[PDB]
Structures are given as C-alpha cells and as structure tokens.
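One chain follows as structure tokens, the form deposited in one PDB entry.
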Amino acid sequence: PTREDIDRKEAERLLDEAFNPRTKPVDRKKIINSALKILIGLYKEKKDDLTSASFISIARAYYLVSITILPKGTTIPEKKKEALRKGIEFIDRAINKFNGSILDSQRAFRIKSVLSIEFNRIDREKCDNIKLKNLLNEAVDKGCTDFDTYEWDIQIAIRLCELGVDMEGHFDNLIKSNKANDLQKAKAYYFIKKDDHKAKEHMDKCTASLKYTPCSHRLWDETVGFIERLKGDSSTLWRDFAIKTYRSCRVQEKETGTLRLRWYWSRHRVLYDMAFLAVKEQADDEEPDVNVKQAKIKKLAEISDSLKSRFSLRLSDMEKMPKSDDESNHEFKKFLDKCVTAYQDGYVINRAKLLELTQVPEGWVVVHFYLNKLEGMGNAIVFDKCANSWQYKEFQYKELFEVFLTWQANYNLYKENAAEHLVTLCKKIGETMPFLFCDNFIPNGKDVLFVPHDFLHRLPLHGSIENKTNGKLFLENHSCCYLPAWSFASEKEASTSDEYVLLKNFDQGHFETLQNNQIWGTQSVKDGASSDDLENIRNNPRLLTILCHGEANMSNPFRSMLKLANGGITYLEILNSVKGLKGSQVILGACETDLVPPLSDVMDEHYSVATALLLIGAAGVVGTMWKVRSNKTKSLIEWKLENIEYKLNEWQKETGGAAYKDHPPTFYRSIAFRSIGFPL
C-alpha cells in the first residue's frame, strides 16, 4: 500500500531524472540500474498482488535500458533484443490484468506500441508487419491520439500511415501539433493527401537542418530510409533528395577527426550508390549543350573521391585505441564522446589543401574507378588534359573476383609455384576491360594514373594482356602510377639534399654486397636499426631504403607495424613522430601481402603504411605486391642507385617482363614492382 506507493514514487523520480537530456551517458546507466533494483525488490515480494503502475514503470525502465546498448561488430547485438522481449513480456501481464481503468490502459498501450515499434525496427522475423498493424490499430481504438502533449502517439500515427492505414480525420490535428518535426510533416503530406509541394517544402528544411547533426543520430537513418521508400515507388523527388542529402553529409563530414575519421552507420553506402545512380541517370538525358554533361560526369568523379577519402572503424576498435601524447588525449576522446552523446540524444526529445580535379600536368591521363554495389555494375571515368573532356564506361566484375580468389588461394599455399594462375588473372583483366586498349578512351603514348576501388587495389592493372592472338602488355606503351585517393596528391618543390640513407634489421645477412657500398650516408644503422633511429633523420635526404619484415592487424589499420629492433613502429607512430622526410623517395621491401590482411569479401578499405609515409611529406614509395626473392630486390636497389631519374617501366621491359608465354616464373618475378604516388 503506502510502502509500495512510496517506493514507486522514488522509482518514478529516478526514471524522470534519467529522462532528462541534460544528463551524461555515464550516470544514466547507474540511475536506471538503481530504479530497476528498486522495482525488482518490490516485485520479488508482491509478485501476484502488484498493481499495474509498477509493471508500467518496469517496462519503461527496460525500454530505457535497451537504448544505452550500442553495436560493436557490425551486427545488431542480442542484449537489445533480450531487453525488448523482457519489457514486452512484463507489460503483457499488466495488459492482461482486469483493472478496468482508462488512463492505465492508455499508458500501457502507448508503452507497448513504442516497444513493439523498436523491436520490429531492429528485428522483423520475431515481430511481423501484420502483428504490428493489429497492435497499432487496437491501441488507436483506445484513444491514444493526444498529439498536443506527447510524441509517442505522433510516432504511432506516422508508423500507421507508413503501412497504408488511412488517417484523414487526424491530419489537421497532426499538422497543428507543435512537437512534430519537418520529416514527420513531409511524410504526412506525402502519404495522406498525395501532395508534393508541401512535402518538398518541408523536406528541404529537414535536409538543411541535417547539416549540423552528427551521423550517430537516428535522423540520418530515417531520412535515408524515406528516400529509399520513395525510390522504390518509382517516384520523382528522390533524384533531388538524394543529391541534397549527399551535399549535407559531405559538408558535415569535414570535422577533422585525426584528419580522417568516420562513424560507420549501417547506411552511407546505399546513400552514395543512390546519389551516383541519380546523377548518372540525369546525365544520360539528351541535351544539345555538352557543358551540362561534362559537369555531370565531373560530379560523378567528385562523388567517387568523396566516398574514397576516408575509412571507418568499428566501436570496439575505437575503445581500444592506443594512447599517445597530443592527438589521443584530445581528438579521439572528443569524437567518441560526441558520437555517443548524439546517439543517445534522439531517443529522449523530439526536436594541406585539397587540389582541383583539373590541376594535372600536361601529358597525363587520370582514370577513376567506382564499384556500384546497388546496380551491380562497374564504372571508369577518364579525364584527358590535352582535350579537356570527360568520358565513362561500364563493365561486369562478378567473374574477375572468382579468378582473383582462385589466384589468392593457390598463392597462399604455393608461393612461386602458383605462377600459372597469375597469367589467367592478367588475361581475365584484359578481357573484362577492353577499353584499356582503345585509342579513343586512352590515347597511346601518354602517362596514366590509376585510382582504384574496393578490391581493385590488389589487381596488377599494369600487367594486362590484350584479348587477341599475341597481344601486348599495358606497360609496354604507357607508364603507370597508383594512388589510393585523389585527395592524397599535393604540390611539392624538391629542395632536397644529395644524401643516401640505409636502414636494415634482418635475422640474417641476406644482403652482403649491399651495406658495403661507399655511397651510403653518415647516419646509416646498417645492422640492428631501431624505431628511435627513423625519427632522427632531419636533413631531408634524397633516398631512404628500409629493409625489415611486416606485421598486419586484421581489424585496426592503425596498429599495423614494421618489425624493427625494438617494440616496433606503427601506422599512428609514424604520423605522430617522423618529421624529417619531406621530398624524399622511399624504397620499401615489405611485400604488401604481409602489411595488409587477406580479404574475404568484395569491399575493403585497409590503408597501408605507404599512405602514412605519403601523409608526412614523402614523394613516392616503391615496393612489391607479393613475395619474391632477395636477388631481385638487390638488383632493383643497385639499378636505382646508379641513377634516380630512370623510369620503372623500362627496367621491367628489358628484364623479361614479357616472357609469360615461355617462362611464367620470370613474368611472376618481374611484374611484382609498382610505384605509389603522384609526381607534380
């Protein structure tokens, strides 16, 4: 009686304090825990003689608990589903009880409807659409239409109008309600009266307001789902809503989290695919003026480069961030707390320099790659500086992936003896992309820059074979350079010295003729080099070569390291420490297959240490795509020591880079070298 009432009042005070958006996520958990402890203590005694208010409070507390649990591994966790199920089961007996009041049933139906809406949102098999529709209709029949004072009934009405149940009688009250936001009003105008002017008017305001909200918010997910639903109905306004949302996201993303960070909500790939498709479709229309078509094709590459500019890591990797002095204390903590606060806020209240794409030196051609998962087609956008024109083309990639998987599986078992699958892979690359050997697409005798995409980063595009009787290789006509993204290019003037530095740390002296040459500098650590010696170069040398092993982390690219005579040096440590490598050419012997993990899917965005070197002022990195023997690396090092302005493609051409018909091992050993970076 009085004791139960007093305990219930204390629990409700705690819950109402926890519902305040001014609180922090740390204290909310403890407050909810104390409230649940009080309710369970009361229940363990008055199991059967309990009133409905206690059950309603317990269901509300479990609904609150379900919000504080965040995903960790790209999959919806099971604790969220368990909490929602327990809340529903707790409210079911209060519904089944024979009290006979009105407000009691009204509040119980409100809380059950919101719990079921959330449970259906995160899981569909356990809660079907028909069950939700029946429950919502039954709750509406009880009179849960107080749009002027509560938001949950507004949510119920919006969910009902999404399913197709008519709501003409309450439209005026819903629009008059002050608590409703622009997205809900746009949905009401669209799904009820089949009107588009007011829907556009309010959707523009919603998209403009999205510019200031972090991507952890549920408004982004709701807007992208609404755009997807509009597209699925063969409507018209999605082709502009997608572009506006893309613009808002591109503006918002520039928040400078370690200069490159991302939250990874589940979408943000479907939105970019839809924007790319809409721009391509509105570009394929026939207009007499060609300037609009050129602008649209340029915007396609702009969208591609905006997508490829950053990578995203999961929450469990963000919690285990290794500590540093300056960046770790400020930026990681600020970004993480801001993201968490934005995530938990929507469930309580309802309210250098980037270069231009056309700044390429005379005589160069740039090729952009995009892999559209939505329509299942590939793309390739080329820009010709000498003619100032834009072109694009399409291809299929569902069998090149299978051939690549076969090559990888055979290589990971028989390194040098799997050379008969590399030839097949190169021939498949040549057959799938016939526009690489066309004069209208790529003019012959010109330098080519490659900007690949998800699984094309690991294909030797420079060793293609033309689909004919005795077709030539791609490297016998052009010179090739690689770049993970166009945003990694920078202006650079080579005011460099003439010092050559060597660093080496091996278990055994595989290189003996090397380290005895008299051309090395005065700060070489030729045997037993450590991570502290890499940070001591201050004179901006001309050529730095590091010989060591590799170590890849399969989850966090920041923890990838080079094996030196110490604890090692990692991706983050190079960015934080090394400052004396501005304008210097770097030669690496780390066999990229050891620096990055193998792939088991179409997409990956694992950055190598070459990007870390490029971000601190290096002008170019040279390495091997797979594992070869030390004699080839030694020969490359001597050939580069003799002079430094020579081109790599001639070296690959004169040393058996075209003997795939006769001796496949020579081809395998010779085409493993490529240069990363763009000279300006």
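In this text, residue numbers run from 1 along the sequence as written. Heads up, when I say rigid core I mean the largest set of C-alphas that superpose within 1.5 Å between the two forms.
Not on display, but discussed next: the form deposited in another entry.
Student: Once you align the rigid core, which of 467, 490, 328, 294 turns out to move its Cα at least 2 Å between the shown form and the other one?
Tutor: After core superposition, the single residue displaced by 2 Å or more is 328.
Student: After a rigid core superposition, would you say the CA of residue 307 moves by 2 angstroms or more between the shown form and the other one, or not?
Tutor: Result for residue 307: no, shift under 2 Å.
Student: Indicate whether residue 508 shows a C-alpha shift of 2 Å or more between the shown form and the other one, with the rigid core used for the fit.
Tutor: Shift at residue 508: 2 Å or more after core fit.
Student: Does the C-alpha of residue 268 move 2 Å or more between the shown form and the other one once the rigid core is lined up?
Tutor: Comparing forms between the shown form and the other one, the residue 268 CA shifts below 2 Å.
Student: So the C-alpha spacing of residue 257 and residue 265 changes by 3 Å or more in the other form; is that change toward closer or farther than shown?
Tutor: Here the pair is closer than in the other form; there, farther apart.
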